[PDB]
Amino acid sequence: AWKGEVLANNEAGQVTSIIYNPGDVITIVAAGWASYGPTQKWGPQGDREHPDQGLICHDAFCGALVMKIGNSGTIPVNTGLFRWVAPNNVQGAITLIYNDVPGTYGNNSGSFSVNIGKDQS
């Protein structure tokens, strides 16, 4: 299992120790407060009121937690995933990323604390 912080201003994302292999079942729980710029902060589901101005993940709100697995596109994580299995052909190291517009991470603040484990399968 892995536990760590994902900083909102980390554009490259936080690489975890989890290698997702075909058939793996995983659970993620994410908590905390972060901002993409405004004084307010939002949880891991991001800001449901903010328009998408070119986010790295179009299937989650600005300020949400998302992930990539190996060479995958971004996949929404939000508050987490419960005994979740990846789509076919998705595999590799899990990187966690704050959802923002590329090039605009400099003014971000806060972080999410995240646990990832592999479940029985």
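Throughout, we count residues from 1 along the sequence that is shown. What we label the rigid core is the largest C-alpha set whose atoms superpose within 1.5 Å from one form to the other.
For 73-81 versus 86-94, the mean Cα distance to the shown form in 9 other deposited structures of this protein after rigid core alignment is larger for 86-94. Taking the PDB entry as given, 68-76 carries the higher mean Cα B factor of the two stretches 44-52 and 68-76. Stretches 89-97 and 30-38 differ in mean CA B factor, with 89-97 having the higher one.
Among all modelled residues in its chain, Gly13 ranks in the highest third by Cα B-factor. Among the modelled residues of the chain, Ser111 sits in the middle third by CA temperature factor in this PDB entry.
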